[PDB]
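> next input, structure requested:
(one chain, ligands or ions: 2)
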Amino acid sequence: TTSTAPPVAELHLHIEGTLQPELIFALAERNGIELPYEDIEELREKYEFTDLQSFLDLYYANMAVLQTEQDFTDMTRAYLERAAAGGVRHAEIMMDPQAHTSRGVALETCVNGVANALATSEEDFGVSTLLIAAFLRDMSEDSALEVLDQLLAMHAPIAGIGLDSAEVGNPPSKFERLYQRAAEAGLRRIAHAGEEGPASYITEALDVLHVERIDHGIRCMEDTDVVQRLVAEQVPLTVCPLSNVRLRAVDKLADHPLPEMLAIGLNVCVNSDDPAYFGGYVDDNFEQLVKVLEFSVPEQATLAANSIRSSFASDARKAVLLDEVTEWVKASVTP
Ligand SMILES: Nc1ncnc2[nH]cnc12
Ligand SMILES: [Zn+2]
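Numbering: from 1, shown residues only. Ligands and ions are numbered 1, 2, ... in the order given. Have a look at this structure:
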């Protein structure tokens, strides 16, 4: 038996969702920004969410303290540091370029800020990293295409493209052009689907957008033969247990489909999504899965190895990490 988390890769994580209330107040201070909260207690008080939207509102509001390159670097390093301590061996990190350019902050600023933290991640924290630019699905495709163009032109260190923000009423198909652009640019593809959006949206992301893994995807359980294709094709599903609970997509953690999804062969893995908003990082997600859903060591290991096989890391990086989960299991079961 073990109480430690396994060596994993986090494939579903928003860097802006990594922003802890302490850092928010610190960056506000450094930028001489007045916050709409008397104290940091009044802030934490605002973390009871009702749906995806109520969360996004805070999520976007908090980004206001991110002004300088240093701000982005600091935020990224604070996550890489905490992620490492929690067992994260490889991190594929999302970022919402538009959520900053819409505030007058240059692409140069937000991209450089993060990248500079990432370019040194293996050395400083022992974490392999990929940068994924995610696009706000509730803004136009045309503006997403223009931002993509600028990322390309400036040679931004992005490995792939993502799709998030308010899902319902904003189908994957809306960004077909965008993803055709990305693919011909050699960019890898992921997209949020099946969080609050229907199983239909998953098929759309797979067929119209040609994504390489589905983010969330829990609503796939509503359609037998969508579930069927997922299983058949081993499409990676980046599940976020605590996220789904705190956003009310799932009532209680005890009600989460993850166990069933694993049992039926869906290629699922565990992610913290927006760690500073849902009260826990990946290792916290694991802890709760064990504590509440009685996940075994071998089960946890399976989840870990999925996350590695599903990553866009080198086969070499996967191999050594895979061997690591094998060691963890052997060290972690009762004699
Ligand atoms: N989990 C999530 N779903 C949709 N949009 C998001 N933006 C940040 N995190 C998100
Ligand atoms: Zn997400």
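
> going forward, measure contacts and count neighbours with C-alpha atoms only.
Noted.

> distance of the residue in the stretch 1-150 of the chain that ligand 1 sits nearest to relative to residue 289?
The nearest approach of the stretch 1-150 of the chain to ligand 1 comes at residue 14, 5.9 Å away (Cα to the nearest ligand atom). In this view, residue 14 and residue 289 are 21 Å apart by Cα to Cα, to the nearest Å.

> next: residue 136.
When residue 136 is compared with residue 289 (using Cα to Cα), they lie 30 Å apart.

> same question for residue 326.
For residue 326 relative to residue 289 (Cα to Cα), the value is 20 Å.

> distance check, the residue in the stretch 151-300 of the chain positioned nearest to ligand 1 against residue 175.
Nearest residue of the stretch 151-300 of the chain to ligand 1: residue 165, at 3.4 Å (Cα to the nearest ligand atom). For residue 165, the distance to residue 175 equals 13 Å [Cα to Cα].

> who has more neighbours out of those two?
residue 175 (22 against 19; other Cα atoms under 10 Å).

> tell me which residues touch the closest residue to the more buried one other than its chain neighbours, please.
Of all residues not flanking residue 175 in the chain, residue 141 sits nearest, at 5.6 Å (Cα to Cα, 6 or more residues apart in numbering). Contacts for residue 141 (Cα atoms under 8 Å, 6 or more residues apart in numbering) come out as 174-175, 177-178.

> what does residue 292 give?
Listed by Cα under 8 Å, 6+ apart, the contact partners of residue 292 are 253-254.

> now it: which helix or strand?
Using DSSP states H and E, residue 292 sits within helix 282-293.

> can you classify residue 209 by secondary structure?
Three-state assignment for residue 209 (DSSP: H, G, I helix; E, B strand; the rest coil): coil.

> ok, it - contacts?
172-173, 175-176, 179-180.

> could you measure from residue 142 over to residue 281?
Separation of residue 142 from residue 281 (Cα to Cα): 34 Å.

> of these two, who's got more company?
Neighbours were counted for residue 142 and for residue 281 using other Cα under 10 Å; residue 281 has more, 25 against 12.

> buried ones in stretch 122-136, by neighbour count?
Neighbour counts over stretch 122-136 (16 or more other Cα atoms under 10 Å) mark 125-136 as buried.

> ignore the last one, stretch 212-221
Under the neighbour-count criterion of 16+ other Cα under 10 Å, stretch 212-221 has 212-221 buried.

> now do the strands in the protein.
For the chain, the strands defined by DSSP state E occupy 8-10, 88-95, 128-136, 160-164, 188-193, 213-216, 237-239, 268-270.
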